[PDB]
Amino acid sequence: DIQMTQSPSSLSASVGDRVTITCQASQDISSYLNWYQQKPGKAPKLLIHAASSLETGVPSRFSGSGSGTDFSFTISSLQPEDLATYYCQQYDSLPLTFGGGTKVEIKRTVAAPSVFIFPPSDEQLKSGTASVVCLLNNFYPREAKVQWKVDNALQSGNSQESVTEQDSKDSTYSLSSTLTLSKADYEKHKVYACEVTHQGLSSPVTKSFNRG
């Protein structure tokens, strides 16, 4: 088939920066190339058709060019809402093939995570499990550490965390750590602590509560 080679695999640039992504077809595909934008968790959206025709409704900062084997896509000045994975697709023939994609990540200033800790719900305890939740809100970069301490003893392999994709409004992340103990182990202890270390934190922040 026609192989589509996209580059780079991912990249980070500041808002206002020009972004250029390229695609090459294994063979001359004339001008039959489309560019899609895939926001996190959404269906892909067409931005550019036939190598350079900008779809109506798409911001003018997007543009494509080239023909034959080499093609390129450009974002004049990167904005928070451009956070997505861009794909090029050749439509010279079936099977319509896509390139690997390119994750663009917005670089921005360091933001300190504002943190909260939430004790298990009595309704949750009734199921045989207690989940203590620790929330790290609006931070940058993503590299953040969250260590659990139950009665001063460090925890391991009983924590699970979900971090969000970079926010399209302010380019920050939010993370949620969850300590899961059986109702028995939970009742055996009093102090539940969550130690969050981040780059915008001079010293590790510790949130905690005393069991009822």
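The first residue of the shown sequence is 1; numbering continues from there.
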* Per the PDB record, is the mean Cα temperature factor higher over 78-86 or over 129-137? -> 129-137
* Structure fact -> Of 11-19 vs 198-206, the stretch with the larger average CA B-factor in the entry is 198-206
* Structure fact -> Entry record, C-alpha B-factors for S93, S72, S114, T102; the maximum is at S93
* Asked: According to the deposited entry, which of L47, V163, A153, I29 has the largest Cα B-factor?
  -> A153
* To do: Consider only the C-alpha atoms of the modelled residues in this chain, order them by B-factor as the entry records it, and name the third containing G64: lowest, middle or highest.
  => lowest
* What third of its chain's C-alpha B-factors does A43 belong to: lowest, middle or highest? -> middle
* Asked: Ranked by Cα temperature factor within the chain, is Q37 in the lowest third, the middle third or the highest third?
  -> lowest
* Structure fact -> Temperature factor at the Cα of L179, chain-ranked in thirds, falls in the lowest
* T56: which third of its chain by C-alpha temperature factor? -> highest
